[PDB]
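# Structural description and commentary
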Amino acid sequence: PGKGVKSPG
Amino acid sequence: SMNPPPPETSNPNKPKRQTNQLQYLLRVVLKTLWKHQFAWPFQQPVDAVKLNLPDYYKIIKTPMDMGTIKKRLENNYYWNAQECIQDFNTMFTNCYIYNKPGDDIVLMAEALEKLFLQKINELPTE
């Protein structure tokens, strides 16, 4: 699997 | 679960240098990437324990991250700019090996890489 959803800083 | 030791940031046997290109890599290139809204996943080694990615360090045997690069530059760890540029390229390559197109981490890496390449296109002289 992957790292999932990432929000910008 | 365990992370590996991080990449070294100092080595008392490794000759050190400051070059105008290395100075640019810290004060222009790294600075601009570090402040970008997409920088945060790349500011420290991948924490495969916290992310529950038990295969990460099975697949990625040459890890790299901008926290490591920042420290190497601040320590004058490198002899030349190409060593540092290789570390950036390793960081991006690892991301593209482990993750899939369209994953958020990949979109973030792609934008950072474009910015990196724009800045290194204008490396100064000595």
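The structure contained in this document is the topic of the report that follows. Chain by chain, residues are numbered from 1 following the written sequence, and this numbering need not agree with the entry; no residue without coordinates is displayed. Whichever chain is written first becomes A and whichever ligand is written first becomes 1, with later ones labelled in order. To get the side-chain values, all heavy atoms of the structure are used, and hydrogens and water are removed first. Residues with missing side-chain atoms are left out of burial classes, side-chain pairs and their counts.

Let's shift gears to the packing of helix 3 (residues 66-74) of chain B against helix 4 (residues 81-98) of chain B. Helix-helix packing: each pair is described by the crossing angle between the helix axes and the interaxial distance. Residue and element names in this part refer to chain B. Only C-alpha atoms enter the line fits that serve as axes; for helices the fit covers just the stretch in contact. Angles between N-to-C directions range over 0 to 180 degrees. Only DSSP runs of H or I reaching four residues or more are called helices, and only runs of E reaching two or more are called strands; each is numbered from the N terminus. Interhelical geometry of helix 3 versus helix 4 gives an angle of 170° and a closest axis separation of 10 Å. Here helix 3 is positioned roughly antiparallel relative to helix 4, judged by the angle of their axes. Residue-level inspection shows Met 66, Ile 69, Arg 72 and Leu 73 of helix 3 in contact with helix 4, the latter providing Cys 84, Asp 87, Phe 88 and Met 91. Three classes are used: nonpolar for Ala, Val, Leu, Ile, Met, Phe, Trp, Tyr, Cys and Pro, charged for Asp, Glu, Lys and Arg, and polar for all others, with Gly counted as polar. The residue inventory of the contact of helix 3 with helix 4, partitioned by class, reads 6 nonpolar, no polar and 2 charged. When an angle is under 35 degrees it counts as roughly parallel; over 145 it counts as roughly antiparallel; between 65 and 115 it counts as roughly perpendicular; any other value is oblique. By definition, residues are in contact when any of their heavy atoms lie within 4.5 Å.

A word on the pattern of salt bridges. Residue and element names in this part refer to chain B. Salt-bridge detection follows one rule: a side-chain nitrogen of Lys or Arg within 4 Å of a carboxyl oxygen of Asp or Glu. Considering all chains together, one arrives at 3 salt bridges over all chains under this definition. Close ionic contact of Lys 70 with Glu 74 constitutes a salt bridge, the shortest N to O distance being 2.8 Å. With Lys 70 and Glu 74 both in helix 3 and 4 residues apart, this pair spans about one turn of that helix. Between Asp 87 and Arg 72 there is a salt bridge, and its shortest N-O distance comes to 2.8 Å. Of this pair, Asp 87 sits in helix 4 while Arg 72 sits in helix 3, placing them 15 residues apart in sequence. Like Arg 72, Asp 87 is buried. Residue burial is assigned from relative accessible area. The probe radius is 1.4 Å, only protein chains are included, and a residue is buried under 20% of its type maximum, exposed over 50%, and partly exposed in between.

Residues and elements named next belong to chain B. Phi at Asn 52 is positive, roughly 45°, even though this residue is not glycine. Residue position: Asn 52 is located in the loop between helix 1 (20-34) and helix 2 (56-59). Residue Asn 52 is classed as exposed on the basis of its relative accessible area of 56%. One non-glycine residue, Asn 76, lies in the positive phi region at around 55°. Secondary-structure assignment places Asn 76 in the loop between helix 3 and helix 4.

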